[PDB]
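1. here is the sequence, then the experimental structure:
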Amino acid sequence: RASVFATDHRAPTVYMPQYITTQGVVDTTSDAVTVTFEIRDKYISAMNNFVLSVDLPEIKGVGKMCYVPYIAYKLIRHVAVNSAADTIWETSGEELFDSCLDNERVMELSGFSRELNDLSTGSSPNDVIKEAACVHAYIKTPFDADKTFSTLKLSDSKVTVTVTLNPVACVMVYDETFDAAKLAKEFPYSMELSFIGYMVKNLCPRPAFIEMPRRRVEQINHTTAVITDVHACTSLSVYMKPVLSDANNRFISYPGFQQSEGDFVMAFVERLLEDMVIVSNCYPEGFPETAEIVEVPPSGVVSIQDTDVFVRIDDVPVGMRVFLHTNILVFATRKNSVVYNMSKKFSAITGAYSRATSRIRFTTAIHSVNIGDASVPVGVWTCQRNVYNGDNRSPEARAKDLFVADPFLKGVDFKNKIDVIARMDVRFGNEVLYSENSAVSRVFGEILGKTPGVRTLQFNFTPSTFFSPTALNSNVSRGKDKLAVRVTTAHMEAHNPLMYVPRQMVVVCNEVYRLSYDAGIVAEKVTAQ
Amino acid sequence: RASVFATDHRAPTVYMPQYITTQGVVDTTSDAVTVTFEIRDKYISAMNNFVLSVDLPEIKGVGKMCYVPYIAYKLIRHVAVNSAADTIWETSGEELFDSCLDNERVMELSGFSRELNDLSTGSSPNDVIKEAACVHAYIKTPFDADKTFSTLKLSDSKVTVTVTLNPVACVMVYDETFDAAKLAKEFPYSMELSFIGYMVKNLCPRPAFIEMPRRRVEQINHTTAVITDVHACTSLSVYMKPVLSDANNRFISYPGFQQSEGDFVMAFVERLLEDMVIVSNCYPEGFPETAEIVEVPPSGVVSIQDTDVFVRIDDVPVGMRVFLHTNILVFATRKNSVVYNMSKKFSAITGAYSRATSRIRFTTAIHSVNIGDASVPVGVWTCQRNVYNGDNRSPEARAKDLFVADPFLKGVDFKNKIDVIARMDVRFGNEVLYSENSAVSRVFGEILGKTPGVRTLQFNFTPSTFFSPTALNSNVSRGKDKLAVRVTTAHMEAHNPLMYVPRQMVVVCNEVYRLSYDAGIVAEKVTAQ
Amino acid sequence: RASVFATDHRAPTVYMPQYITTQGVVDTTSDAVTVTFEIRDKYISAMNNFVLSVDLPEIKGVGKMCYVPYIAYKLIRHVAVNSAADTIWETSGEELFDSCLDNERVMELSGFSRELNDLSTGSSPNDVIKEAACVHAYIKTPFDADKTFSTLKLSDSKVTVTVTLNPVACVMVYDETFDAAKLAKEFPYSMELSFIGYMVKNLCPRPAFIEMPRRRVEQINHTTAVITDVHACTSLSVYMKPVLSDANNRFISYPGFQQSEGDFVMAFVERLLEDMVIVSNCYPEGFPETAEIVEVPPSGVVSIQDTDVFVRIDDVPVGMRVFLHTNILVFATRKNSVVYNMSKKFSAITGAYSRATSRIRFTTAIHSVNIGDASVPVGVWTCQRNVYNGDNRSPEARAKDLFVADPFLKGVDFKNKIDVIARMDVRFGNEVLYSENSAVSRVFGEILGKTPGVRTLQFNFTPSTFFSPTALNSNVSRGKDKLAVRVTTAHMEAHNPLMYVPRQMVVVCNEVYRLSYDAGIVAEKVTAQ
């Protein structure tokens, strides 16, 4: 019998950890800002637990602005760990963010708070919109997988960490008044890199295996991706990303710190209601000539074609009347067809009119507005595909619009709940590797603790750092060295504007690399093994 | 010294996982609907990570209806894994649900959202109450305990998975108008089973140990349970379940997607307030003749026996008066005794009357209503034990009632916070195995990560799949082969209606089985070992 | 190749766990109440999983009162496990609470609920403020680290557990009317200790290593701490604690069950708004003569120096006027200097006046009030250092104040979000061990899953119970046997009252002890090893 109450403890190798912080050297001469950190310590033999610290300057001026959640991660486009001009490990910002999303405390470190993420307003050039702050991004690496066992070994080697940054506008949500360009021009990229170094006595570095994510982004509205030179893949991930370019980054609302689906929908609905119901003495003016504003009858029921909206507003003054905007946002690709009308999404609206503020305090609104509706950019509403005018809102409501350029969005909606992929076929060489008609791989990714809300084919179930990893292996004789992924778009109503939001297919292939310390630090891509 | 920075990695077994999905064959000829899946793959040698996918059809018609949270799990009554008419592993739906409750992402896969769980209303026969949806239940098995190590081994064996389903009404909350019977009659039981198969090179299966939960449900209001043929029990669980039969499934309110105790209480209080305070020109009509409605005095204080209720309603029209229902729900088993009165649970009620909607917008209510009050079925309020009429609500408020048949409720309230067990004695053979006067075992179950909110006696603390499990073992010579559990009901006020809610005692015994692969797949109950 | 699908299971040592509950003996003769538990079982050979159960009596009388969250842990000042007048393991209450804070189920066991933590009011001497309750504190010990492997071995030894308690007022939040002293006098300290004992056959105890937290609290507003006799330290933690002795325990608001930063700020803002905006026929009376109350102009804009507050109140009666309190709370250390004015934190206030309740229902308030403002004690506002009166509130608003003595507060605000430490230098002997200019150690503590919100230097990354722990080791020849920690206060505005909240520096050093069972149970501090 093996005892489970007593063990003969082993003495571990003698070591002493130490926290080490290094200053970054900013290079702005290229298209993307880069910050370079040199590992200048020569008394340490191992290292892991990389942390990036970012100093956010105080923001002053006029306009409305908030930060996107998890500022520190959203600022990162690419991280590369190099040893004398040779890459040891590298990842995209999105893969890092996905790998860190599970840890709540760590993600909170990156900046997620009412002060940072709720919309703040400046009304004078000296008004402070956002106070200065420090945020931190935990750069999860395979070197942290098994604590000291997985650490990156250093043997008189110059290890360099290079971080490539997204534009500062990517981590910002702001209105038209806010001067985002000036702040981007004057942003000080003051950052520090921290890590745990280990002074280890009598360390003999053995070869190790690490996984490096290879990311392929297809052209806009392309549904096929080919990954070449695939020899040892531990997991394959497929998902779609929105393309929010100019005029497709403009949104009617943004919930700020409250990030649930209901919060997005409620912010969108509040913005819509601000412009849908009007209390005025005469016919409301200022709307586009295509807007169809009708007076609410004494019964309170307004009929829009064959759907009824029940409007009941309290405390309307004697002279005033209640009006309803019946086509506040419309979309269709052909004339005389069915029209996507945001006003028709409402069944009942109730509220009380306030004399002091000359506005309506809405108390209850029964509606069918969903996350997809709240995620449609203004440019899609007003695109050339629309046969109608599209945006019938007043100039003030349009002036309340916000610009969003969050770099790590997935799917077509902000919460990645509407799946635009119906079928997925994966081919290794000539043969079919996997085929599914539904999101089975997404469910399996959820169950196995992989990247949330994406389709993932997991090939490695072997424990790390004590076994070599199991991977989908190439067979060059049969030509099995390339992965081809084909996806079919999920069916949507042709009048739904969400169909026409541009999208890009992303394929992520995690590949096995062999880490050797015989002569410096060298990472070799595993082939035929 | 043993190194903690470098290890000599081992090459693992050569294997390749694959996601496999199979179609279900529905059998409706018996009392309980069954869906059978055949594992038709002969290339694979091992398998685990079972997932059940359920297609929910679009719901159309009139009435109000929502889904209960975690639809996919609530649909499951029983799961059995068989190999040529012999059971390998089987569980009840409730045990599966309890075993999966810890993983938030997995539970969200089963259907837990605003769209699914909040009450939706149809007003025309063609109105869509609920859109079609797909939900997934992760069938956690002992085969997933240690990833590939615990996988079920296949050796040219026909493994079949049979899922027995609860009635569709069990996963639905609806009013009297909704035609639940018609939808149950026409429910398409389209389901798929998914699992991860493993193509393993040179696999030699070895005997393994798995735990199978044996579930015993005692007769209604029985407090003693005897489990026979107990030879290797790893854990014993005891809890009470409500018996929500016909007319005991009718409830005044249901919170829907918001599932906290405060949400249940708030929904119940809103429903009560809608009928307790009345603004009317004359004495309110339509209530039963036993209802005691009194006018609110100018001081705003209404005295109910020796209890005062402070009612202040703003914006009451000049000619109208405010009325308070003082016995909206009452219960007592004896005349002239103390009466349980829901109206007396309120100390202060404030609100504003709305002319547009002809109703009251309540702003603040100070009350002592608890989860137990919100969990009392209408049938208990109106049962023959009540010496009073019981339900004094108006016909409309009664028409707002909802039918709930959630299969996995524990205790006597929806949130399982009121413990109805005071003492518990467990006897193994003639001798006392464990006796407690408080919920010590429930606290230990919480600490050890066992089923939440139940009393659990844990016998196995040994790591799985690398040691044989430790269990409470039988001694036939002394007669130690049967477990007898006796519980005493916690003291409650005799006028509390919650005391008379029918309940059933449940005892769950997790027993050790030996899995052998010498001749097919055979699971043998561990006896006298 | 090593198999990952099949293993040769080992038979574990024969054991049987059992839940054991013992009654506590209360000693009130000393300054701090102590409860002693005797481990009276001679059959068992091992133990772990200690749980303390506390019976809370029913609370009756007049006044307002709520419990602090996690009552059971906050009641504990110190726990000591002894074997014949020799300490085996001991911890402070704060360290235990910090070590348990990550387990939400376990913390919920300790009394975190709406019934316990929201403010309750008694209006008669017979009114029940709080019903009786039972709460449980899981006494996490190193004996639970690796289940049976780490258990405390018993060999015919008399093990006693002594729990030292904080004053009952520490776990309560109450107003001036509540008679806390009488209830503290009459509190029955009814407590039970539960643990899991193991009946182990043929157990030979082996020496084991455990870590004991050594806690040092410096004098008030001291920034240097010296820890002597440091020979094997696995982790060092540094943080600041507020000192709320008397009149510094009085606070304007407390949010109760809702414990987010936003909840604290919202409760504070509601309390302030109740006194800032007054609707009255004549000039408001009852305020101190230093209060500056001004009438709101028809434009609604009130100018406070160079700050403008937009006040718009609906439904004001014809004869009444709206007033704004322009200095509700003020603080400054010098005359003519910048004044910290809480009224200046508000930019816009909107609401509707209620004739039924003669009060304002505030609907929207735009403000810059933060957690630090909500955490300033009333005594700091009215301290002698303030050159102004400080508290200009009305007597009723002042009568709504609450007394808080939560023992486990960190930082200077209730949520420990404002860091009062700028620099930290740690010296081991004469040399600098670690030096940081920012909260790098706090970030690493968050990443490594250490005590939340504190600066932690981690020295042990070695797995527990299978290796001897790695620690910062002493070198007596070089004088390396003492840790000196120096911190510099973070810069704050001189007019900010939060600067003058008294604080105490806490240093926690986790030290290695050797547990030997050769002759009884003896824990020996690891010295020079």
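-> Received the coordinates, thanks. Residues are numbered from 1 along each chain as shown, chains lettered A, B, ... in the order given.
2. now the residue of the stretch 151-300 of chain A found nearest chain C: phi and psi?
-> Closest contact between the stretch 151-300 of chain A and chain C, by C-beta to the nearest C-beta, is at residue A:194 (5.2 Å). No exception for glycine: its C-beta is placed from N, CA and C like everyone else's. Per-residue torsions, residue A:194: phi -120, psi 150 (degrees, to the nearest 10).
3. now for it: which residues touch it?
-> Each residue near residue A:194 by C-beta atoms under 8 Å, 6 or more residues apart in numbering or on different chains is listed here: A:19-22, A:50-53, C:440, C:443-444.
4. filter those down to just the ones in strands.
-> Here DSSP state E is the test, and the contacts of residue A:194 give A:19-22, A:50-53 as lying in strands.
5. out of those, which is nearest to residue C:375?
-> Of all the ones in strands among the contacts of residue A:194, residue A:53 has the smallest distance to residue C:375: 26.1 Å, by C-beta to C-beta.
6. what's across from the residue nearest to that closest one when sequence neighbours are not counted in the sheet?
-> In space, and not counting its chain neighbours, residue A:53 is closest to residue A:192: 4.4 Å by C-beta to C-beta, 6 or more residues apart in numbering or on different chains. Per DSSP bridges, the residues bridged to residue A:192 are residue A:23, residue A:53.
7. what parts of the stretch 101-250 of chain A come near chain C?
-> With C-beta under 8 Å from any C-beta of the partner chain as the criterion, the stretch 101-250 of chain A comes near chain C at residues A:105-106, A:108-109, A:113-115, A:134, A:136, A:138, A:147-148, A:192, A:194, A:196.
8. in those, find the pair that's most separated.
-> Maximum pairwise distance in those, criterion C-beta to C-beta, is 38.3 Å, between A:114 and A:148.
9. those two: who's more crowded?
-> Legend: neighbour count by other C-beta atoms under 10 Å in any protein chain shown for residue A:114 and residue A:148, higher for residue A:148 (23 against 16).
10. for that one, give me its contacts.
-> A:15, A:46, A:48, A:198, B:4-5, C:461-462.
11. neighbour count added to those, as a markdown table?
-> Converted to a markdown table, these look like this (neighbours: other C-beta atoms under 10 Å in any protein chain shown):
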| residue | neighbour count |
| --- | --- |
| A:15 | 22 |
| A:46 | 24 |
| A:48 | 23 |
| A:198 | 23 |
| B:4 | 22 |
| B:5 | 22 |
| C:461 | 22 |
| C:462 | 21 |
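12. return the closest of those residues with respect to residue C:411.
-> Nearest to residue C:411 out of these is residue C:461 (C-beta to C-beta; 27.5 Å).
13. give the contact list for the closest one.
-> A:15, A:17, A:147-148, B:4, C:470 are the contacts of residue C:461 under C-beta under 8 Å, 6+ apart.
14. show me where chain A has its helices.
-> With DSSP state H as the criterion, chain A has helices at A:71-74, A:93-100, A:104-109, A:114-117, A:180-185, A:261-276, A:371-374, A:378-381, A:395-399, A:440-448.
15. show me what from the stretch 51-200 of chain A comes close to chain B.
-> Residues of the stretch 51-200 of chain A found near chain B (C-beta under 8 Å from any C-beta) are A:147-149, A:151, A:153, A:198, A:200.
16. and the residue positioned nearest the centre of chain A, how close does it get to residue C:2?
-> With distances taken as C-alpha atoms, centre = their mean, residue A:408 lies nearest the centre of chain A, 2.4 Å away. Distance of residue A:408 to residue C:2, given as C-beta to C-beta, to the nearest Å: 38 Å.
17. next: residue A:119.
-> Distance, residue A:119 to residue C:2, using C-beta to C-beta: 56 Å.
18. these two: which has the busier surroundings?
-> Using other C-beta under 10 Å as the criterion, residue A:119 and residue C:2 rank with residue A:119 on top: 18 against 13.
19. for residue B:500, state which of the contacts of residue C:461 is nearest.
-> So of the contacts of residue C:461, ranked by how close each gets to residue B:500 (C-beta to C-beta), first place is residue A:147, at 56.9 Å.
20. for the closest one, which non-adjacent residue is spatially closest?
-> Distance criterion C-beta to C-beta, 6+ apart; nearest residue to residue A:147, sequence neighbours excluded, is residue C:461 at 5.1 Å.
21. now the one you found: how far from residue C:499?
-> Using C-beta to C-beta, one gets 38 Å for the distance from residue C:461 to residue C:499.
22. for chain A, what's the longest strand?
-> Longest strand in chain A, counting by DSSP E: strand A:503-516.
23. so what are the sheet partners of that strand and their directions?
-> With DSSP bridges as the test, strand A:503-516 is paired with strand A:208-217 (antiparallel), strand A:232-242 (antiparallel), strand A:522-525 (antiparallel).
24. the longest one vs helix A:93-100, what angle?
-> Going by axes from the mean of the first three to the mean of the last three C-alpha atoms, to 10 degrees, strand A:232-242 is angled at 110 degrees with respect to helix A:93-100.
25. run the chain-centre distance for stretch A:213-225.
-> Here stretch A:213-225 is found 17 Å from its chain centre; the criterion is C-alpha atoms, centre = their mean, to the nearest Å.
26. buried sites along the longest strand of chain A?
-> Residues of strand A:503-516 classed as buried: A:503, A:505-516 (neighbour count, 16 or more other C-beta atoms under 10 Å in any protein chain shown).
27. now tabulate the residues you listed in JSON lines and tack on distance to residue B:173.
-> JSON lines is the format used below for the buried residues of strand A:503-516 (distance: C-beta to C-beta, whole Å):
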{"residue": "A:503", "distance to residue B:173": "37"}
{"residue": "A:505", "distance to residue B:173": "40"}
{"residue": "A:506", "distance to residue B:173": "40"}
{"residue": "A:507", "distance to residue B:173": "42"}
{"residue": "A:508", "distance to residue B:173": "41"}
{"residue": "A:509", "distance to residue B:173": "45"}
{"residue": "A:510", "distance to residue B:173": "43"}
{"residue": "A:511", "distance to residue B:173": "49"}
{"residue": "A:512", "distance to residue B:173": "50"}
{"residue": "A:513", "distance to residue B:173": "53"}
{"residue": "A:514", "distance to residue B:173": "57"}
{"residue": "A:515", "distance to residue B:173": "56"}
{"residue": "A:516", "distance to residue B:173": "61"}
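28. might you report the residue contacts of residue A:333?
-> Contacts of residue A:333 (C-beta under 8 Å, 6+ apart): A:385-387, A:494-495.
29. any chance of CSV for those residues, columns neighbour count and distance to residue A:129?
-> Formatted as CSV, these follow (neighbours: other C-beta atoms under 10 Å in any protein chain shown; distance: C-beta to C-beta, whole Å):
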residue, neighbour count, distance to residue A:129
A:385, 13, 36
A:386, 19, 34
A:387, 15, 40
A:494, 13, 42
A:495, 17, 39
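30. identify the bridge partners of the closest residue to residue A:296 other than its chain neighbours.
-> Take residue A:296 and drop its neighbours on the chain: the residue closest to it by C-beta to C-beta, 6+ apart is residue A:322, 4.2 Å away. Counting by DSSP bridges, residue A:322 forms beta bridges with residue A:279.
31. residues in contact with the residue in the stretch 1-150 of chain A positioned nearest to chain B?
-> Chain B sits closest to residue A:10 of the stretch 1-150 of chain A, with a gap of 3.8 Å, by C-beta to the nearest C-beta. Contact analysis of residue A:10 by C-beta under 8 Å, 6+ apart lists B:1-2, C:466-468.
32. check residue A:155 too.
-> Here residue A:155 is in contact with A:45, A:205, A:517, A:520-521 (C-beta under 8 Å, 6+ apart).
33. got it, and residue A:105?
-> Contacts of residue A:105 (C-beta under 8 Å, 6+ apart): C:446-447, C:449, C:452.
34. filter those residues down to the ones close to chain A.
-> Near chain A, by the rule C-beta under 8 Å from any C-beta, you find C:446-447, C:449, C:452 out of the contacts of residue A:105.
35. now, which of those sits nearest chain B?
-> Proximity of these to chain B (C-beta to the nearest C-beta) peaks at residue C:449, which lies at 17.1 Å.
36. good, we can wrap up now.
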